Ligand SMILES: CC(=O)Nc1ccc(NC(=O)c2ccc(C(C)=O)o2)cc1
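Take a look at this one chain, the form solved without this ligand, written out in structure tokens.
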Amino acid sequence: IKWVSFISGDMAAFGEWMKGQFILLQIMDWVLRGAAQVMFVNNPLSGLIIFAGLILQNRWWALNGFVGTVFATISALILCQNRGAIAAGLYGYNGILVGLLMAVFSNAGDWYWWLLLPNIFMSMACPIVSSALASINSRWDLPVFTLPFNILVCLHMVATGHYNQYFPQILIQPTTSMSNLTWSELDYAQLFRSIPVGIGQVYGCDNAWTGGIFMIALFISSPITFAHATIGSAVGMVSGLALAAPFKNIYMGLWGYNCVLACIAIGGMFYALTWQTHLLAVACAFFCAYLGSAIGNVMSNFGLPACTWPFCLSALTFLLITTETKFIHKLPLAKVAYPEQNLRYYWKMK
């Protein structure tokens, strides 16, 4: 009971205890804590679970993610960006995403040690871009989200491109052939297995076991996040079916990571939870899937993956709408927390 409360939420007691210890242990929390905040979680335990899932899939990707997030945190410190924001991990999840997605899309092969240096440089530059986006987005009271990650990875990726001698990348070509979609060949087992692999694809992992581990991590923190995550993956696969995407893309979960993230964000994290806000989250996740198709097709010309760009665009657009009803209530950015605490704050204010 008490222990379950302790391991839930943002882990506040652990937070004070870690305050006392040496700078080195702390940097570990701040990196474990920021590892799991891609999915809007401030739980170090869940972050360790996320890391375990990364190790399970591929050791090289996990090592790159770890080094990227640790160097993003170190860069946030050296720049004196903020304390209490770095300590909550707001500067590390961009770094881990940059490292992981640089390791995923690199054609140089596994254990290519020279990949660390661009990884280091991109991850260190993440706090700079995060502060730059925070300066712009603070006028409208909007969060940075995953935009630094997108900007930095897209740079490495286009800069170098597939035809590079030192840091080659994977081929991304625009579609130029009519993909006949034999509906009788659809497999329902993989179609429903697209739910865990879809949530696992947030970090580039396409292993159903890693997706299940990520779902376990989300459930440990807050069941509401888990529910919105699984419903986001479901609407992502449904939209992929509706837009005649190849069945392999749906099975791999390429249509689900933007939707799961967008449903987590709008439904419980930044909008106070309500049935109206729940349908807003579902509509936002559908629009995020459809815009994800659009973005993936647009970015294919340059030779780049869609990444988390659709999620940012949809989440910002929804987070910006103004309404004449009191049910859809945007929370002030200073008082945003895990969705249960946000609902508690909404109840206390009302």
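Throughout, we count residues from 1 along the sequence that is shown.
Beyond the structure shown, there is the form deposited with this ligand bound, which is absent from this document and is the topic of what follows.
Of the candidate stretches 233-241, 107-115, 171-179, 216-224, only 171-179 has residues with heavy atoms within 4.5 Å of this ligand in the entry with it bound. When you look in the entry with it bound, the only residue of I266, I86, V202, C126 with a non-hydrogen atom within 4.5 Å of this ligand is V202. With the partner omitted from this view, the residue of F270, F167, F247, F71 that lies near this ligand in the entry with it bound is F270 [heavy atom within 4.5 Å].
Although the partner is absent from this view, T146 contacts this ligand in the entry with it bound, with a non-hydrogen atom inside 4.5 angstroms. In the entry with it bound, this ligand stays beyond 4.5 Å of every heavy atom belonging to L280. Among heavy atoms of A306, some come within 4.5 Å of this ligand in the entry with it bound.
Heavy atoms of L101 reach within 4.5 Å of this ligand in the entry with it bound, making it an interface residue.
Contacts to this ligand in the entry with it bound (heavy atom within 4.5 Å) from stretch 244-282: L254, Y257, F270.
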